[PDB]
Amino acid sequence: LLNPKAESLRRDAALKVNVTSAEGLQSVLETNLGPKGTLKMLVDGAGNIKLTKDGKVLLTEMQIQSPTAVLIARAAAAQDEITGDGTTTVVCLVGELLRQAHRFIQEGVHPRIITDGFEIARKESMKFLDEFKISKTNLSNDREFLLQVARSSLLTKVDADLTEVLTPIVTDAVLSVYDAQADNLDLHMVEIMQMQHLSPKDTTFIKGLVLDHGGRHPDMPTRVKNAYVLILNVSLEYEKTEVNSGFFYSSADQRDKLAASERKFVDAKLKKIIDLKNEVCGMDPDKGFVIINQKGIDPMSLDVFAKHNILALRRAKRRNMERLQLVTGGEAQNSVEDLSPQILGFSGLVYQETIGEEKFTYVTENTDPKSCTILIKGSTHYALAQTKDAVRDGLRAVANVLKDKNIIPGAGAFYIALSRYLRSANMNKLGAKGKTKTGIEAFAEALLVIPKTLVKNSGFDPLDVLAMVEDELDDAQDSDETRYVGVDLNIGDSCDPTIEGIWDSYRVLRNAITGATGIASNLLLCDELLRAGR
Amino acid sequence: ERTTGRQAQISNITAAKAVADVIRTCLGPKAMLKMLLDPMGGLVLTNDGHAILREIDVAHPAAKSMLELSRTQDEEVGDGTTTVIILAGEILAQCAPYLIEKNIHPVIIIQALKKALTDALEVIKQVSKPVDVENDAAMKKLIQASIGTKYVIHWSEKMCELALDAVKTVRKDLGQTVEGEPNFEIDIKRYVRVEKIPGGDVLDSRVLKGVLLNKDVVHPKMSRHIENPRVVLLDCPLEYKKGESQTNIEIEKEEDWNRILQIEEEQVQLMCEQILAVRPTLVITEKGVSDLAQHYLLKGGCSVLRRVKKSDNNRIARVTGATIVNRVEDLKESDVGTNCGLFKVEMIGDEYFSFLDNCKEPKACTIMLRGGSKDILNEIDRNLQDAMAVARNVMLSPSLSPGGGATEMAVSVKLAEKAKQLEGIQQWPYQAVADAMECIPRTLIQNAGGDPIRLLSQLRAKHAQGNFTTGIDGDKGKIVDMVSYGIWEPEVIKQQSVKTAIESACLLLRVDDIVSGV
Amino acid sequence: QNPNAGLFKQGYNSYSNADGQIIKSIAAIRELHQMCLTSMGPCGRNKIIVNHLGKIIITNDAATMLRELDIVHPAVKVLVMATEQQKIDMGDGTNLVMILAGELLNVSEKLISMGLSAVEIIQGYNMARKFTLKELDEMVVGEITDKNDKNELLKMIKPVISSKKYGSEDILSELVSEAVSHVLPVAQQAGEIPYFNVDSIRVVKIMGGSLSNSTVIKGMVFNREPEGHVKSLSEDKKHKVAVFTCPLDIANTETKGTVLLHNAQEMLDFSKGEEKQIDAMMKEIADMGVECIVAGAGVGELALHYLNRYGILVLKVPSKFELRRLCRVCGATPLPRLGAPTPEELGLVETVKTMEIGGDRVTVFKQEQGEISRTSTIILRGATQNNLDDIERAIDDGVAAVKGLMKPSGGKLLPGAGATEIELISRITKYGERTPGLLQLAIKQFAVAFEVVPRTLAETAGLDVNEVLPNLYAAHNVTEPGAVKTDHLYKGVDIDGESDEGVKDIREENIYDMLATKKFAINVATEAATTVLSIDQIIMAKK
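Protein chains in written order, with this note's numbering: chain A, 1 to 534; chain B, 1001 to 1518; chain C, 2001 to 2543.
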């Protein structure tokens, strides 16, 4: 009962293959869970090596041969487009759920019963999530909570040393773009830049924008205080006769004379620019003048600008000009003849940074730039990639926390509490039937994988840590008090996540649980494997 | 190359069984999922029976024939895509030992299968229960089963009404001894296509008792509302005409180029007068229409539509009765499409309309669907197609049969009881068919996670000693009364599934060898 | 390279149900089930089996084939033991038991394929067995009244011979009836006191002629040359017969006593002693009236001369069984010593003569008026050894069956040729339909298992089963204008072979089967089937 050029799995072979693939994927992503996890090394074969820990990036870049593993990875990748985190959690939950389901199936439990039990446990876990969350306040002085959230997000991705650098940077960058008002949050207001030949710890935060192109004249001021930003779209390069002409001569002296005569066109515009500079705070103290000049500038015009204590850039990207239109408030002048003071903007200190391979300009310290820039600094490609990924993850986590005020303490407290709540309530109710108890117990046990994996990664024995956490929870319940009990990966004993400062996003946990349950149900319902199209 | 003896029959039966076993688990709400693995790295976990039977490649010709049968039934009938294959495969498997072990000739098996088909149809008719096809409440309740628990669950309330209204508009309930029973001549594919109108809500959707045309007036100075419309259809364009053979235009003076325009005016005027001779109110031409022709037709007091596709005219001739004449000079007074309702062009949702409805029964209509987005419109269109197919199945025979395998179990029991009294060699295939009918309840029990043996035995005992309305519960998995739980399926689907499965089994049994040939 | 997991007992042969051994055992049994299916029925056929001595064995008995065939699989051994039990206890129906067990296992295979647990199958088989055994009591049509007459005996003898030697049942039944009538006592209507024994009739064959030349002897027959000058005795009644075990020679002591003639003195002394002792012993035996002397050992030259002198019949019987038969016939007691004609130990034979049958002369010891013998001998004639062997087997089967006519359902008669099987099929099907639960499938399969007998009869006769089987079903399942079935309800399975339509009624040929035989065969077959099905794993240790 088969056809050529095809292969199929019969009886329970499909279930065994799917379970094995899920276990393999879990073991692949088991070691990188939590701040105590490890990093994976990826080689593309072209000489580029990536050292990454984020589950989404690892799944996207890594090639997967097992079709079931491919399906699991693709399903878990949805977390990135919804919550931005929890892919590893989804994979671990799917793996443990499939392990338990296979164990029960070996005892004769039909897959549909397990699926129904998983659905019931999912509903109960959603109820527990609703009852267990903590409402965050809307106070504008919540900077401490944002710092705690950023630290929690970063510790999972960094070596615990760059955390002190990235936490304040991420917190400030996210807070500046989203003021203490309803409005809205858009992470596109935060620019991400990378620089080479610098120490990893050099990463800093810039209030405003940073321009790639720098000055090209030694006499330009290094720093300009309270500068007026001028954006000019008219090219200041050498101009020729407006009508048909040429350079026909017997000696280069005639060509030089013709060039000097033709330079008057640029000279006239330079005169207007200098007049504007002089009129607007020409000699006022603590004032400056900076010109962007999107288009190119002739060296003679650069020297003319420098001799007037004017810092002029050239050959800037249109995107940079559009960003400056808001960062500095200045407008782009299409024609010098219509140039007027109203075009000029205003900005704080303007500093030029010289690098061996390039030169940057800073246009930060703006009254209301409605944007900010984060400068990732590193000496190696992998370090820069890791820093960028950590910064983006922290930005997304803080944005999710700000937009969604529902906050749930982490440190493994949520998973253990949910497992206990399920084991109690589902067994006390038995709302569907006894036969669903197998699936209920499987789901409850699988939900405990995350704390066990975290403890295993931290090097401590999961049994003792789980026993201590359960004992503390039992004591709290006997005391008739509300208490959150988590896992301290540094000491090994139990700890209160609300005091240490470990928190998890409501959306992340909700989506991870839903996705894991859905993937487990879909895989457990696979009766056979079919091959076609060959 | 060549296969002789029982080997060819064994090969065909094995191919049929292999095809059936794949989808054996595609029945019931508890249907299991399947993995489709392409030669590349992509795969899906779709559980749709049609998708499984479509994406599965089979080398054996019998499997290809079975897949083609299922694909054809997927459009001929609204349901039973997987039931037909499962039933045919089970029947073939049951008949296999008789052909192989009992040395029974295929002709006897085929005849017995046909007789069992007749008996099964009789039993299905006996066990079916009537429904009220005239009361809208009963039809809405029945059709809600195929509309709820879907993307259109939100608008189900109005979706049921829209589908029922469309089906009734295309449904012709007639009974007499002169022309016979038309069988309602329901055609959804051709004359029920849904028109997607952006904007509005589902509750705003209406059923047009005719054809809706999206062609606006070809000239602003044209009537937009006729209370006594009459449609005339033509193909030949109204413009300058050249000779059948090569035609050359030779002009000496520049001003003489107006001769072509004068000839065009003369010909167009003659054609327009010929068209107007039949007292028309709207002129539809498949080919292009010149501005002069539009002016001449307007002078006669009628509207003009040009470059209209044949698809519109095919339905216009059905809802208006207008006869299309290729040549204008051959137009006849009797070709005018009288008995037309209106030419109203009221715009809905910033879209152009042209209603050609009436209070007649042309067995054609148009569904004016409204929605808040294109995705909603497409999903509602698909759900309305499914609901109208279900309603057509229900209304083609005012009765329904119990679901959950009760009908199959009752058919098996009655077939066994009748076969016990036949007293002939054919008794064996009748028992094989009766046993194969048990496939559906076995699949339901297996998908529900119950006992495949004890539950089936209890159901069979209940049918033998109790009523035939007992079946397998989709959720509980126990033996319960289908009527109490509201589990039902249309009788038409069951009859068609049984007939097609038995006919396919007979056809496959007829083939006793596969030989190379071109 | 392939790892081996789950095996811990031994590398020796071992089977478990995890790999479907429950069906593999049935498949293995099918190898001999097919062999035995060709033996049952009047149109059965023999098979050629080569013995370990290089001889050719041809027989229609399935039990003989099983004995001459090598049995390896324990599942086959179970059926072999069941067949042996059937033969020992009943003496007939080995084919019935074997075929019924095979069909029960075959249907059990289908039940297992359907997914029914073996426990339910066994329970249903037990229930169906009990139902069938109870029903067989009501299926009796006729009954043997135990008149001991040849006409009544033939009714049971004829069907027994059939299916063992086809085409000669008419003559073999007459021969068996004649032989039985010579040994049956004067009694009627008495089934509690045994009268007939299986060993009461001896079967012998003589080459030459045909079966039509066979006859029956009213006494013991010896097929060995007398080795003497006296060939037969006169017709005088009550001839005294002396039976000896020591060779007829000079009497000596128990220890040693060897006589060796080395020289003239020893020669003369031993010659005189032997002559005097032999002469005295023979004279003393003759004076008592002994006309015949039978010795289990040889006879000396002087012994032969003196036996001729007194006209004493000379006969040697090296077979102790023949000596026991002679002693039973005449009542004589074996004499371990010579010259001891004790009247209390001498027997009496009314007539002793040498008769020529087909050119071969044999000695017959028969009784006419006094000391009537309770044993008889059947002499078979034929030019073919295979036919003679088949006839001997048929005669033995008939003799064994005759002993079964006692009270315990011996006289009860059932309609043969599958009619009883069809009636049981219908009754068991009805019972299974009435029986609730999963046992109905097992009851229906048990009923179906009985369809083999009509199928085997149709196939062995060359008839088309596709037409015979529905005809049989219609004949046994009829609708009559009344609440009670009537007309010909005893239609069986006919063999025809020349021209016929449908089947013939049993009463036309009086083909009946013993109730006890069928009942015991069904019981044994069901027990064997249950035993085989109850084994889901076989574990053995290497020798």
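Just so it is clear, CB atoms sit at the ideal spot from N, CA and C, and this is done for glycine as well.
Secondary structure of residue i, DSSP reduced to three states
| i | result |
| --- | --- |
| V2097/C | helix |
| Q1246/B | coil |
| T2363/C | strand |
| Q333/A | strand |
| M2355/C | strand |
| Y2166/C | coil |
| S1205/B | coil |
Limits of the beta strand (DSSP E) - the one that residue i falls within
| i | result |
| --- | --- |
| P2336/C | Unbroken run through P2336/C: none, as it is neither H nor E. |
| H2239/C | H2239 to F2244 |
| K377/A | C372 to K377 |
| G1049/B | Taken as a continuous stretch (DSSP letters only), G1049/B belongs to no beta strand (DSSP E), being part of the alpha helix (DSSP H) at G1049 to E1055. |
| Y2512/C | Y2512 to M2514 |
N-terminal and C-terminal residue of the alpha helix (DSSP H) that residue i is part of
| i | result |
| --- | --- |
| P1402/B | Careful: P1402/B lies outside any alpha helix (DSSP H), inside the beta strand (DSSP E) at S1399 to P1402. |
| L2424/C | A2419 to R2434 |
| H1463/B | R1454 to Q1465 |
| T514/A | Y506 to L524 |
| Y421/A | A413 to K429 |
| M1368/B | It is not in any alpha helix (DSSP H) - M1368/B instead sits in the beta strand (DSSP E) that spans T1366 to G1371. |
| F346/A | Taken as a continuous stretch (DSSP letters only), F346/A belongs to no alpha helix (DSSP H), as it is neither H nor E. |
| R315/A | Segment: none, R315/A is in no alpha helix (DSSP H) and carries neither H nor E. |
| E164/A | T163 to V177 |
| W1428/B | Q1427 to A1436 |
Outcome for residue i when other beta-carbon atoms lying within 10 angstroms are tallied against a minimum of 16
| i | result |
| --- | --- |
| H2033/C | buried |
| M283/A | exposed |
| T2145/C | exposed |
| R11/A | exposed |
is_contact[residue i, chain C] using C-beta, thresh 8 Å
| i | result |
| --- | --- |
| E1423/B | yes |
| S1412/B | no |
Any chain B beta carbon closer than 8 Å to residue i
| i | result |
| --- | --- |
| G2492/C | no |
| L530/A | yes |
| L58/A | no |
| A2128/C | no |
| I72/A | no |
| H102/A | no |
CB contact check: residue i to chain A, cutoff 8 Å
| i | result |
| --- | --- |
| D1021/B | yes |
| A1317/B | no |
>> If the cut-off is 9 Å on Cβ atoms, which residues from the segment 2431 to 2452 of chain C count as contacting chain B, listed in chain order?
In response: So the list reads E2433, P2436, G2437, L2438, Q2440 and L2441, given in the order they occur along the chain.
> Name the residues in the segment 1076 to 1109 of chain B whose C-beta lies less than 9 Å from a C-beta of chain C; which are they?
Replying inline: Cβ contacts with chain C: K1102, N1103, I1104, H1105 and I1108.
> the segment 1429 to 1454 of chain B: which residues have C-beta closer than 9 Å to a C-beta of chain A, in chain order?
Replying inline: From the segment 1429 to 1454 of chain B, only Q1446, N1447, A1448, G1449 and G1450 have a Cβ closer than 9 Å to chain A.
>> At a CB distance below 9 Å, what residues from the segment 2107 to 2120 of chain C approach chain B? Give them in sequence order.
In response: Listed by position, the residues of the segment 2107 to 2120 of chain C near chain B (Cβ gap below 9 Å) are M2114, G2115, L2116, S2117 and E2120.
> Which residues, in chain order, does the segment 506 to 527 of chain A contribute to contact with chain B at a C-beta distance below 7 Å?
Replying inline: Of all residues in the segment 506 to 527 of chain A, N522, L525, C526 and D527 have a Cβ within less than 7 Å of some Cβ in chain B.
> At a Cβ cut of 9 Å, what residues of the segment 1032 to 1059 of chain B count as close to chain A, listed as they run along the chain?
Replying inline: Taking 9 Å as the cut-off between beta carbons, the residues of the segment 1032 to 1059 of chain B near chain A are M1032, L1033, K1034, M1035, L1036, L1037, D1038, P1039, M1040, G1041, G1042, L1043, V1044, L1045, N1047, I1052, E1055, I1056, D1057, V1058 and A1059, in sequence order.
> Which residues, in chain order, does the segment 2470 to 2488 of chain C contribute to contact with chain B at a C-beta distance below 8 Å?
Replying inline: Hits within the stretch, in order: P2470, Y2473, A2474 and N2477.
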